[PDB]
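Here's the structure we're looking at; comments come further down.
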Amino acid sequence: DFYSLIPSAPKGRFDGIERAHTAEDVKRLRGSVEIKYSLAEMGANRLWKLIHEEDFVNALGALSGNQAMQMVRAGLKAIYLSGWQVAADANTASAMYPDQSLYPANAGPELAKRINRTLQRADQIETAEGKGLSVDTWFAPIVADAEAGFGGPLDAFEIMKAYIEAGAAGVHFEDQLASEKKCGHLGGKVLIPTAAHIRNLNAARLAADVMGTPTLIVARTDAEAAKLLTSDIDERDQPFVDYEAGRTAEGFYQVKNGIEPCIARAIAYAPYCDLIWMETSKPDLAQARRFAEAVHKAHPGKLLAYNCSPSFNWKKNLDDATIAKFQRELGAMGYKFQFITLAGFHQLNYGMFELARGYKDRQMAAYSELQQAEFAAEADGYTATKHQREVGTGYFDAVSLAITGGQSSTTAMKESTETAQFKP
Amino acid sequence: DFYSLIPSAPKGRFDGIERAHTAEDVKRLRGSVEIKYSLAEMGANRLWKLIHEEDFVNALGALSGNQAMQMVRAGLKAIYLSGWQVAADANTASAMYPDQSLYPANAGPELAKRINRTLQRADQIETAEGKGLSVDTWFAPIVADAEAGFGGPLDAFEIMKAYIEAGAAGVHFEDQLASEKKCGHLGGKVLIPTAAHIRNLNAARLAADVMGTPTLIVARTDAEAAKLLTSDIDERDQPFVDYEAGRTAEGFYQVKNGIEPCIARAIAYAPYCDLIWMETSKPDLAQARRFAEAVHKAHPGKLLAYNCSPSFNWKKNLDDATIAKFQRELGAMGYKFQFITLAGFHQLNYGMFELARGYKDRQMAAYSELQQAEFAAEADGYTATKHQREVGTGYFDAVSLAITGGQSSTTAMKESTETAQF
Amino acid sequence: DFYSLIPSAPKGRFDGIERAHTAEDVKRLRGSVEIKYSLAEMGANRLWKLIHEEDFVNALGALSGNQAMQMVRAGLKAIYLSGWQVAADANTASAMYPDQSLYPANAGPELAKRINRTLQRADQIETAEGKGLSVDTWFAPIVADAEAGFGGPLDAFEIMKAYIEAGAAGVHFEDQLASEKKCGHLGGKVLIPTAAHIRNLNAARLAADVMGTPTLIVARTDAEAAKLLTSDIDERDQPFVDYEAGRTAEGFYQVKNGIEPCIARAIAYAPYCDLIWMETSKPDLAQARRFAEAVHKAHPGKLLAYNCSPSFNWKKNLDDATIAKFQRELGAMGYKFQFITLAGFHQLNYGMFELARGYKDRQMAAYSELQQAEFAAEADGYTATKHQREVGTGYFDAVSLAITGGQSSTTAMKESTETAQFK
Amino acid sequence: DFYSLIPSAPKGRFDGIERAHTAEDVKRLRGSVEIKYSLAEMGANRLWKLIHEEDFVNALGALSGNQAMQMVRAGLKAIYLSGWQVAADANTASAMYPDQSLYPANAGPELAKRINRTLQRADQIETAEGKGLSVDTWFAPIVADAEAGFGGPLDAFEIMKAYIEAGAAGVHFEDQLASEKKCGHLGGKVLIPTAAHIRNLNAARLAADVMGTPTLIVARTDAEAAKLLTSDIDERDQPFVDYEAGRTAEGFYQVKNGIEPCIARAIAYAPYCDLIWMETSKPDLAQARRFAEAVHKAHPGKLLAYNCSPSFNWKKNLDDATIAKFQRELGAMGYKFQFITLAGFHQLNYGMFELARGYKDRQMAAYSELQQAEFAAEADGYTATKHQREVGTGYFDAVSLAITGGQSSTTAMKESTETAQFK
Ligand code: NA
Ligand code: NA
Ligand code: NA
Ligand code: NA
Ligand code: NA
Ligand code: NA
Ligand code: NA
Ligand code: NA
Ligand code: NA
């Protein structure tokens, strides 16, 4: 029934998934023509495959197309798209922001589109070279941050559709009040009622159904640390409300935080998402296990996601051996999607700071060192030292030669310095 | 006459500069109200001071605001905005392109705007912390790439204004055919006539005059390697035309390339620009000196720029001693603005490939190694390990506390893991 | 004191204005360099002057630059930038939306920037032709819709700054829950607490202070028709809460709507805004007078604003005589800014539907009818029939001639069909 | 061969079409995964059908999605996307420009996207209302302006792809130098060689091939009025070159302009496009007939396009009877696509200028006039007087109700003033 509305959806894709809406609602709200969303289809089906086939799927947050490309080239199988990074350095207000949903709601889907188009060029380049791809596929699924939905269920509906149009494979929504949204590891977090987040999630699924894509939905809870709640209207929340403490001047209720409300919320959200994620204060395998065991008593086999956050001081928290085994252990507990949210931001900022300091100190010696490290990384599959090829100069040369029946006088690669100075 | 129209311009700013237009043209084409472009003013004037006062001003191409921010944090005094990088990873078509002016003409100025807004937030953050700045200024001047002007002189005029509005300090224009534009170190370059590139330069100056800003103009010539030319109409170009070769199927003339047509074109361009740049095939200090000496014979003291290009294989061309002295030696010749065009692209792509490979193979050990290197770099001025502060969380906490008379329940830093674990 | 932080603010600009923050906060949050926002300064000051000197300033909602330009050419002295119209046909998601804050938060300021750049070209064209301007100024102040501020106080702060950078003269904010925002004339509105809307207004003022511009702030209340409220935490709202009815499933409180809670909120908002605006269900002069009288009792001389809404069926509500005098009466009560929100949308859609229907029916005859109507309007100051001049072709010719010392072979106007066929 | 690479192409679609590239080139340049461009396919296929089954397809230039929507509602079957209008009031530099390819190369396709998304919304609304559609389809094909391709063949290739991504059905390219592009009815036009324009056209076709869509390509020639030429390298152009006049200071050759070079260029372009278009200085049926006949002699049955330009002063050129039959006569000669380029601009500007003038004079009487005209137009299928429904408020209410299983408290239509006052 829903399978006939989402024809690319694989067998069993919606096992255990509940929807507030009917299949007739979907048809009534689809409009009258079939529009295909190819990259979203492929990405969602490949993600679904990967999380059921791998020990675990691990990703890094990409703030640019080029970043994503190198992740796939290095052999990673998924890309994470961080709202935090979007805020910091890649949003549609062209500003640097903290992670508080301050940027315009279109910014995340615009970055998803950029990432897919860079992966597309990479694919075109290798296809045109005629020797096979250097990766399994350039179209690694993107799991993308929709934050708190940017307001109400209609806002969640809209950003879900925008991510699908951009070609995202999975999207995550958290039970925070959008107007007070924070980074998971910042203070000042405000939860919305269990029912209200279930609305966001159903809105996301209605968006996917109407677009006709089996897009994955990740439900996130921020209840491990949050001590505020907008309303106690939901009886599932009331046991955690500290009534003696009274409301804040904003009218927020105050709540008991920790693993317990995370477990209750996750169990309530489970039927309305494909993966469940709980934010934590520390990289704590024991806590990760307790959460997974409690969810799995209610919902055996439910797939989980885990943020390996740069907001944790890793070696302050853990010894080298536990750090080394961390993701493998999490995978065996059922955390099949694991991501370093701010990997791109830290890599970009650290790397350019060190380059710039070296350059300041020793000028071209500092740059030659980077280039020599680039040459040495070629044995490991790095290609970008030859930057003209990397970005598609050779592909466009071939476009021009096809347009002109081989006759163009103005092709790029042949008399280039890349060709003359960058041979084996 | 032009000083009155550009109130911020410093003394001697326009010495030796000629213009095709008059001061009356400017008043006529400028509208009836005064609109200020404060970052463009501050930047141009600061770039002007720097290139005169320092031995040389060296820069790195920035593809994002965060990159520019660390460049300035590290002590660099200027930012280069590369069109190549705009094309690769930061354009308004959301596409990856080779360096051929394929992206929309607005993309460069949009990135200049991003960079200035990031620097703005950095300055806001430190200002609010109230212990003074960690740098001389966050507003390091931006020297930006306008490629071949993106078409005719009106296109050159428009991208110059856009860059002024975005807050660039200086903008470069090159004597290639915009519809066949290439990276200087690609083949297939086609030159335009000398006169035509002087129209582009004059378009750019008229834009700055009409905006009322003392924005710098950098004239680039691609004559060292280019073997094609659109038209032989300009007698100054005719001695380099290979009239024995005949025109190409497109109607292009074939020309004799090298240092000689570069010198001739430079000397012709010098009155219509502030700095002069010749693209080279190899990083060749002897060639650079020969160019500088020829230009300085006609135009003593003319400021020059130099592309320390990643499109060169540095260790293949040079020994370690020469690499080490390279920029210092260039500066002594008058190359006061020197820049590594693709620094940002190479840093970003190398750094992520290696992190991604480490992560695939060793998961969190590879990331914890990065974090540890970040902590180690703090002794030398790195701050970004503490990511919440870096992007302005403390600043926005301060804005909220002001709005609410100190009462907000939902400030972010106090109960953050950043405060607890860093 | 605050006048030093905002050098262009005229004498008396901030009489009666209270601020939650201090002058030191502003200096602390401003950054270290001086950046000028020239069109924002000019627009704010000119708007401030107009609303104190004119019987009333009336405007229409522009959904494009060309629209704005003809408003100014026609002799209107202000421009209204409608969020409804942004949603409908001019936003940064490139979608058609109903008026429910569904579009990205940057869209209105982006439209502000479009309007001001069109006006700038208008002014460049006429400056270059050398015979003076055909209007008092092309830079008619823009009063722009910031809706419910797109979230909490920091979002209000950010959209205010964005409108300032775009050159808006004034910005309005309303006491609705951003996440459930509606057009004032739709059902299902949810109010925020009086105090929370004061937080938004204060955010807006901190934004202007930090930018250093005397931008006008219009406080809007939607309490005439809104029957829902997020929280009863503010004692000021409690007299209007229906505690018998219970909360909805979302947890909203239900409230008793109408003029009374509008008056209470207006009086509370007054010290934190420059103009006050109450949405109404019907175009009613008597209710307008009641509101004005009550506000002026608490705050004598307070400037007010009034939405002459297309969401009203005008002839159903009012006779021709009342329609005719309607804005003049509002002016004498203190409604010094008055605006038809959806003016641009209705003229654009009606116009093109009728042209398209004529075209289907009669092809070129329907277009020629429009063209002759254009020629006839020239006697009343219309110019756009000569579309090449209108958009700046002669100005860019003059730029090319300046660049080429008069010698360019490729100027546009001399051999154009416009020069030959429109004499 | 090319039919398997473009699966949606109907039988005979590429009859007579030549390509410089091979089917193997397409496969090499296409990437390894199939990406679908649904609106581009449906658009192209419908346009192809319409131009073979209608006497002619007539369209108007839309500068906004709302304008396009009313054109489809009024019963027009295609939409024209004008670059001139993008320049004027709808581009990605947020500026007013003359028609000289000054705006960034992405602006046209961004507008194509807006137009198709508005049409999509109109379709969603009617589908949700369950009474069937009020039009044959909402997805009227868009014929879009690619100007001179914005540079070289690679720029043409890219703008073609972008238009296909935005859902355009057909795209037009002209044989002008992109760096000196003008409106066909401005002076200062510079042509490129016949060969160079053929490269642009093949670029466009390779783009469509690579995207896997049967997108229509319209070749435009500007040779009727152009007196300049970049290069005489192409022997096909040399008979029109006035060698005795010499070159201009820019290096341009000087050419004899008129019907003759247009005929030679069209005949050379024919195999590389689906429709041919000649810009003209006047709406001249005799000249139209002469061009059609000369083209049909070399290529029988070639479909043609004609610009019914507002740059012509219609009644100055023609009597009412010729105006009335103009399009029908063109249609019988083989001009199967006809378009009024600046219809959206002149309607938007005339309409707002007049509304604003009346508003200045008479305030709400002038708006009530518009609102009453709108009510009166409802008998002929106008609907936007009920603006809340028109932009999708009813549809989003239905979305909210589905999400919340009938329970939302905050739906908009029921308690709206539209429901109460526009019965
Ligand atoms: Na996030
Ligand atoms: Na927000
Ligand atoms: Na460049
Ligand atoms: Na180009
Ligand atoms: Na509004
Ligand atoms: Na919203
Ligand atoms: Na055009
Ligand atoms: Na151009
Ligand atoms: Na001849």
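Numbered from 1 within each chain, the chains take letters A, B, ... in sequence-line order. Every heavy atom of this structure was used, including side-chain atoms; hydrogens, water molecules and symmetry mates were not. For ligands, and for the atoms within them, numbers begin at 1 and follow the listed sequence.
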TODO: Using a 4.5 Å cut-off on heavy atoms from C-beta on, say whether the side chain of A:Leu348 contacts that of B:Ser64.
DONE: yes
Open item on the list: Counting backbone and side-chain atoms alike, is an N, O or S atom of B:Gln100 positioned under 3.0 Å from the Na ion (ligand 4)?
Closed with: no
Task: Positive for ring pair (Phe, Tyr, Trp, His ring centres under 6.0 Å) with D:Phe150, one of D:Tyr103, D:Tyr163, D:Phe173 - done: D:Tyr103
- [ ] To 10°, measure the OD1(D:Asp155)-the Na ion (ligand 4)-O(B:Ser101) angle for me.
- [x] 90°
Open item on the list: For A:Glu174, is there an ion pair with A:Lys181 - N to carboxylate O distance below 4.0 angstrom?
Closed with: yes
Open item on the list: Among the N/O/S atoms of A:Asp145, which is closest to the Na ion (ligand 1)? Give the atom name.
Closed with: OD2
Task: Any donor-acceptor N or O pair under 3.5 Å, side chains A:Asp145, A:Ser82 - done: no
